[PDB]
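J.: See data39.cif below, with mmCIF, C-alpha atoms (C1' of nucleotides).
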```cif
data_entry
#
loop_
_atom_site.label_atom_id
_atom_site.label_comp_id
_atom_site.auth_asym_id
_atom_site.auth_seq_id
_atom_site.Cartn_x
_atom_site.Cartn_y
_atom_site.Cartn_z
CA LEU B 118 -123.19 -48.50 -13.05
CA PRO B 119 -121.16 -51.69 -13.44
CA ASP B 120 -121.65 -54.77 -15.62
CA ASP B 121 -122.80 -52.63 -18.54
CA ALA B 122 -120.14 -53.50 -21.16
CA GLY B 123 -120.89 -50.10 -22.65
CA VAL B 124 -119.51 -47.88 -19.92
CA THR B 125 -117.01 -50.44 -18.66
CA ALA B 126 -115.89 -50.38 -22.28
CA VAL B 127 -115.47 -46.61 -22.41
CA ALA B 128 -114.13 -46.45 -18.86
CA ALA B 129 -111.55 -48.91 -20.17
CA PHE B 130 -111.22 -46.68 -23.25
CA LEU B 131 -110.80 -43.59 -21.07
CA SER B 132 -108.15 -45.38 -19.00
CA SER B 133 -106.14 -46.15 -22.14
CA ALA B 134 -104.33 -42.98 -23.33
CA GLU B 135 -103.40 -44.91 -26.50
CA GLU B 136 -106.68 -45.87 -28.15
CA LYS B 137 -107.66 -42.25 -27.58
CA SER B 138 -104.42 -41.45 -29.37
CA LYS B 139 -105.60 -43.85 -32.07
CA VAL B 140 -108.75 -41.74 -32.32
CA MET B 141 -106.63 -38.90 -33.72
CA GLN B 142 -105.13 -41.38 -36.17
CA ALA B 143 -108.53 -42.14 -37.68
CA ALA B 144 -109.59 -41.88 -41.31
CA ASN B 145 -111.98 -38.97 -40.72
CA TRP B 146 -110.46 -37.47 -37.58
CA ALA B 147 -109.08 -34.65 -39.71
CA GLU B 148 -112.66 -33.59 -40.44
CA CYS B 149 -113.77 -33.54 -36.80
CA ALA B 150 -110.73 -31.45 -35.93
CA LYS B 151 -112.09 -28.94 -38.45
CA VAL B 152 -115.35 -28.40 -36.54
CA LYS B 153 -114.70 -26.49 -33.34
CA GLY B 154 -116.56 -27.94 -30.40
CA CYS B 155 -116.99 -31.34 -32.01
CA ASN B 156 -119.02 -33.66 -29.78
CA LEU B 157 -117.68 -37.21 -29.87
CA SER B 158 -119.63 -40.04 -28.29
CA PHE B 159 -118.76 -43.49 -27.64
CA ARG B 160 -120.96 -45.97 -29.46
CA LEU B 161 -119.60 -49.33 -28.39
CA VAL B 162 -119.74 -51.90 -31.12
CA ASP B 163 -122.37 -54.67 -30.81
CA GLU B 164 -125.12 -52.11 -30.23
CA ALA B 165 -124.83 -50.59 -33.68
CA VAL B 166 -127.18 -47.64 -33.29
CA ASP B 167 -127.17 -47.33 -29.53
CA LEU B 168 -124.56 -45.15 -27.89
CA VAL B 169 -122.84 -45.98 -24.66
CA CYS B 170 -125.12 -43.20 -23.41
CA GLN B 171 -128.15 -45.01 -24.86
CA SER B 172 -127.96 -48.37 -23.08
CA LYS B 173 -130.77 -49.24 -20.69
CA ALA B 174 -128.51 -48.55 -17.78
CA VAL B 175 -127.12 -45.15 -18.74
CA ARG B 176 -130.61 -44.31 -19.91
CA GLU B 177 -131.85 -45.26 -16.44
CA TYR B 178 -128.84 -43.64 -14.76
CA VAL B 179 -129.69 -40.32 -16.39
CA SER B 180 -133.34 -40.91 -15.56
CA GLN B 181 -131.95 -41.51 -12.05
CA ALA B 182 -129.39 -38.68 -12.23
CA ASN B 183 -132.16 -36.30 -13.27
CA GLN B 184 -134.53 -37.61 -10.60
CA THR B 185 -132.21 -37.62 -7.57
CA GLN B 186 -129.49 -35.02 -8.11
CA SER B 187 -131.87 -32.58 -9.80
CA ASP B 188 -134.47 -32.99 -7.06
CA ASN B 189 -132.59 -32.02 -3.88
CA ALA B 190 -132.17 -28.45 -5.18
CA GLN B 191 -134.14 -25.38 -4.08
CA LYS B 192 -137.46 -26.92 -3.20
CA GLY B 193 -139.99 -24.61 -4.88
CA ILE B 194 -141.87 -23.03 -6.43
CA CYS B 195 -142.30 -23.43 -10.21
CA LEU B 196 -142.83 -20.38 -12.35
CA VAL B 197 -144.15 -22.51 -15.18
CA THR B 198 -146.16 -25.32 -13.64
CA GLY B 199 -146.64 -23.82 -10.18
CA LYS B 200 -145.75 -27.12 -8.49
CA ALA B 201 -143.08 -27.57 -5.83
CA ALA B 202 -140.70 -29.18 -8.32
CA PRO B 203 -137.20 -28.13 -7.17
CA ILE B 204 -136.10 -24.91 -8.83
CA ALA B 205 -133.61 -25.01 -11.68
CA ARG B 206 -130.98 -22.36 -11.58
CA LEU B 207 -129.17 -22.48 -14.93
CA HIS B 208 -131.87 -22.97 -17.49
CA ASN B 209 -130.61 -25.11 -20.32
CA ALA B 210 -128.97 -23.48 -23.27
CA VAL B 211 -131.78 -23.24 -25.83
CA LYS B 212 -130.10 -24.08 -29.14
CA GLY B 213 -130.97 -22.66 -32.54
CA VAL B 214 -131.48 -18.98 -31.77
CA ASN B 215 -128.03 -17.58 -31.16
CA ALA B 216 -124.57 -18.36 -32.47
CA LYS B 217 -124.42 -20.76 -29.51
CA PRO B 218 -127.07 -22.47 -27.38
CA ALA B 219 -128.06 -19.69 -25.04
CA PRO B 220 -130.12 -20.00 -21.87
CA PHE B 221 -133.47 -18.68 -23.12
CA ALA B 222 -134.48 -17.61 -19.61
CA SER B 223 -131.31 -16.57 -17.80
CA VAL B 224 -130.97 -13.66 -15.40
CA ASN B 225 -127.21 -13.45 -14.98
CA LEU B 226 -125.86 -9.98 -14.49
CA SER B 227 -125.29 -8.05 -11.30
CA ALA B 228 -128.62 -6.28 -11.77
CA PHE B 229 -130.98 -8.16 -13.74
CA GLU B 230 -131.41 -10.09 -10.51
CA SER B 231 -134.49 -8.72 -8.84
CA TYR B 232 -134.60 -9.67 -5.17
CA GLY B 233 -131.13 -11.05 -4.57
"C1'" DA H 1 -184.27 88.48 -103.09
"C1'" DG H 2 -185.94 83.19 -102.48
"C1'" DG H 3 -185.43 79.59 -104.45
"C1'" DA H 4 -184.85 73.85 -103.76
"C1'" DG H 5 -179.79 70.62 -102.85
"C1'" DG H 6 -182.84 64.15 -102.56
"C1'" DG H 7 -186.68 61.13 -102.20
"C1'" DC H 8 -185.96 55.48 -101.92
"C1'" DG H 9 -184.25 51.16 -101.52
"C1'" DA H 10 -181.94 47.91 -102.28
"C1'" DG H 11 -176.13 46.99 -100.19
"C1'" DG H 12 -176.07 39.87 -100.82
"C1'" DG H 13 -177.74 35.54 -102.73
"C1'" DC H 14 -175.06 30.39 -102.07
"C1'" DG H 15 -172.34 26.85 -101.36
"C1'" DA H 16 -167.86 25.49 -100.08
"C1'" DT H 17 -163.33 26.90 -95.06
"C1'" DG H 18 -161.59 20.94 -96.78
"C1'" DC H 19 -159.82 16.15 -98.63
"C1'" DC H 20 -155.85 12.40 -97.35
"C1'" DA H 21 -152.26 10.00 -94.78
"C1'" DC H 22 -148.66 10.36 -91.31
"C1'" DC H 23 -147.69 12.06 -85.43
"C1'" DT H 24 -143.35 7.97 -85.64
"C1'" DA H 25 -138.80 4.93 -86.19
"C1'" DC H 26 -134.78 2.55 -82.79
"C1'" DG H 27 -132.20 1.31 -78.56
"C1'" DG H 28 -130.45 2.08 -74.17
"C1'" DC H 29 -132.96 3.53 -68.01
"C1'" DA H 30 -127.94 1.07 -66.45
"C1'" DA H 31 -122.75 -0.04 -64.48
"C1'" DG H 32 -120.52 -1.26 -59.52
"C1'" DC H 33 -119.24 -1.07 -55.18
"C1'" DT H 34 -121.31 -1.25 -50.36
"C1'" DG H 35 -126.20 -2.89 -47.23
"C1'" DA H 36 -122.04 -2.06 -42.67
"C1'" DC H 37 -118.51 -1.72 -38.79
"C1'" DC H 38 -117.66 -2.27 -32.89
"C1'" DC H 39 -119.79 -3.99 -28.51
"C1'" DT H 40 -123.51 -5.74 -25.48
"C1'" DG H 41 -123.60 -12.96 -23.23
"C1'" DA H 42 -124.45 -16.88 -19.82
"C1'" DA H 43 -121.81 -18.60 -16.29
"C1'" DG H 44 -118.40 -19.11 -13.85
"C1'" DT H 45 -114.16 -18.00 -11.57
"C1'" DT H 46 -110.53 -14.96 -10.49
"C1'" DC H 47 -108.74 -11.20 -8.48
"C1'" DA H 48 -108.42 -7.07 -6.39
"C1'" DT H 49 -110.18 -5.12 -2.89
"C1'" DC H 50 -112.64 -4.62 2.33
"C1'" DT H 51 -114.14 -5.59 6.54
"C1'" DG H 52 -113.49 -7.43 10.38
"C1'" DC H 53 -110.44 -9.90 13.35
#
```
Mind turning the file's structure into structure tokens?
T.:
Amino acid sequence: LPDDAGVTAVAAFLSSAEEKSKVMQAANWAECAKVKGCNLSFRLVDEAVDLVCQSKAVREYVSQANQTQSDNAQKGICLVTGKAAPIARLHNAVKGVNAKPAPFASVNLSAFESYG
DNA sequence: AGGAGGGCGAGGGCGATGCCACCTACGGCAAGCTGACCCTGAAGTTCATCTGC
């Protein structure tokens, strides 16, 4: 995804090792270090509300990286909709129930698995 | 000797058996603590172990 100026910016910020060091020397960095599992994200300036992961190329990339990579998986068949719709192992971490986002529907122990 | 030993009918009548108020005051009915430990997870990989080579 080149010529974005949002990800070329961060890819030039993630090939820096010093500006990232400058992130620790920020006014409020001491308050993000307090929260375990802080989630930083990359809003390039000159978009002003829009993250690097909000530009209409990363937006399309994700809409392309959730339409190509998450479509070659196990071909069928949906429990929910019944369509072919490639099957999703690893249901996504439903947040707000547990102490951590937990996979609402998740059969992961040696025998909760039914038929192998 | 042969006596007669009461006969009668009354034995309450009248009303009153309570009046008055009071039957509580006061305040407190809790304090203090705890109400749970412990684990049990998805997901993934490692790592010890097994089978086969």
J.: Between CA of residue 219 (chain B) and CA of residue 152 (chain B), measure the distance and give it in Å to one decimal.
T.: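 Spanning CA of residue 219 (chain B) to CA of residue 152 (chain B) is a straight-line distance of 19.2 Å.
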J.: Determine, using all atoms listed in the file, which residues of chain B have any atom at most 12 Å from an atom of chain H, and tabulate each with its shortest atom pair and distance in Å to one decimal place, rows ordered by chain and then rising number, as CSV.
T.:
```
residue,atom,partner,partner_atom,distance
B:206,CA,H:43,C1',11.0
B:207,CA,H:43,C1',8.4
B:208,CA,H:42,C1',9.9
B:209,CA,H:42,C1',10.3
B:210,CA,H:42,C1',8.7
B:211,CA,H:42,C1',11.4
B:215,CA,H:41,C1',10.2
B:216,CA,H:41,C1',10.7
B:217,CA,H:41,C1',10.0
B:218,CA,H:42,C1',9.8
B:219,CA,H:42,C1',6.9
B:220,CA,H:42,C1',6.8
B:221,CA,H:42,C1',9.8
B:222,CA,H:42,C1',10.1
B:223,CA,H:42,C1',7.2
B:224,CA,H:42,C1',8.5
B:225,CA,H:42,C1',6.5
B:226,CA,H:42,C1',8.8
```
J.: Quick one: everything within 12 Å of residue 120 (chain B), counting only C-alpha atoms (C1' of nucleotides), minus sequence neighbours fewer than 2 positions away in the same chain. Send it as a PDB file with C-alpha atoms, in the coordinates of the input.
T.:
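Written output follows (part.pdb):
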```
ATOM      1  CA  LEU B 118    -123.190 -48.500 -13.050  1.00  0.00           C
ATOM      2  CA  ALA B 122    -120.140 -53.500 -21.160  1.00  0.00           C
ATOM      3  CA  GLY B 123    -120.890 -50.100 -22.650  1.00  0.00           C
ATOM      4  CA  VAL B 124    -119.510 -47.880 -19.920  1.00  0.00           C
ATOM      5  CA  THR B 125    -117.010 -50.440 -18.660  1.00  0.00           C
ATOM      6  CA  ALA B 126    -115.890 -50.380 -22.280  1.00  0.00           C
ATOM      7  CA  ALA B 128    -114.130 -46.450 -18.860  1.00  0.00           C
ATOM      8  CA  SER B 172    -127.960 -48.370 -23.080  1.00  0.00           C
ATOM      9  CA  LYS B 173    -130.770 -49.240 -20.690  1.00  0.00           C
ATOM     10  CA  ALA B 174    -128.510 -48.550 -17.780  1.00  0.00           C
ATOM     11  CA  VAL B 175    -127.120 -45.150 -18.740  1.00  0.00           C
TER      12      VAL B 175
END
```
J.: Tell me, in Å to one decimal, how far CA of residue 131 (chain B) is from CA of residue 185 (chain B).
T.: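 Interatomic distance here is 26.0 Å.
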J.: To one decimal in Å, tell me the separation between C1' of residue 44 (chain H) and CA of residue 201 (chain B).
T.: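 Going from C1' of residue 44 (chain H) over to CA of residue 201 (chain B), I get 27.3 Å.
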J.: Do you know which residues are at most 10 Å from residue 192 (chain B) counting all atoms listed in the file, after dropping those on the same chain fewer than 4 positions away, and could you put them as a list in words?
T.: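 Within the cut-off, the hits are residues 188, 200, 201, 202, 203, 204 and 205 of chain B.
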J.: N, CA and C atoms are needed for region 195-208 of chain B; please write them out as a CSV table (one decimal), in the coordinates of the input.
T.:
```csv
chain,number,residue,atom,x,y,z
B,195,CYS,N,-142.4,-23.6,-8.8
B,195,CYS,CA,-142.3,-23.4,-10.2
B,195,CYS,C,-142.9,-22.1,-10.7
B,196,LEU,N,-142.2,-21.4,-11.5
B,196,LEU,CA,-142.8,-20.4,-12.4
B,196,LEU,C,-143.8,-20.9,-13.4
B,197,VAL,N,-143.4,-22.0,-14.0
B,197,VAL,CA,-144.2,-22.5,-15.2
B,197,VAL,C,-145.3,-23.3,-14.8
B,198,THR,N,-145.1,-24.4,-14.0
B,198,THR,CA,-146.2,-25.3,-13.6
B,198,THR,C,-146.8,-24.9,-12.3
B,199,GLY,N,-146.1,-24.2,-11.5
B,199,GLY,CA,-146.6,-23.8,-10.2
B,199,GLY,C,-146.5,-24.9,-9.1
B,200,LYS,N,-145.9,-26.0,-9.5
B,200,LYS,CA,-145.8,-27.1,-8.5
B,200,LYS,C,-144.5,-26.9,-7.7
B,201,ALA,N,-144.3,-27.7,-6.7
B,201,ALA,CA,-143.1,-27.6,-5.8
B,201,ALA,C,-141.8,-27.7,-6.7
B,202,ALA,N,-141.6,-28.9,-7.2
B,202,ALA,CA,-140.7,-29.2,-8.3
B,202,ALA,C,-139.4,-28.4,-8.2
B,203,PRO,N,-138.4,-28.9,-7.5
B,203,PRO,CA,-137.2,-28.1,-7.2
B,203,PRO,C,-136.7,-27.2,-8.3
B,204,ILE,N,-136.4,-26.0,-7.9
B,204,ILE,CA,-136.1,-24.9,-8.8
B,204,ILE,C,-134.8,-25.1,-9.5
B,205,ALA,N,-134.8,-24.9,-10.8
B,205,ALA,CA,-133.6,-25.0,-11.7
B,205,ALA,C,-133.0,-23.6,-11.9
B,206,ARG,N,-131.9,-23.3,-11.1
B,206,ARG,CA,-131.0,-22.4,-11.6
B,206,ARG,C,-130.3,-22.9,-12.8
B,207,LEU,N,-129.8,-22.0,-13.7
B,207,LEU,CA,-129.2,-22.5,-14.9
B,207,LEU,C,-130.2,-23.2,-15.8
B,208,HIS,N,-131.1,-22.5,-16.4
B,208,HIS,CA,-131.9,-23.0,-17.5
B,208,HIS,C,-131.0,-23.3,-18.7
```
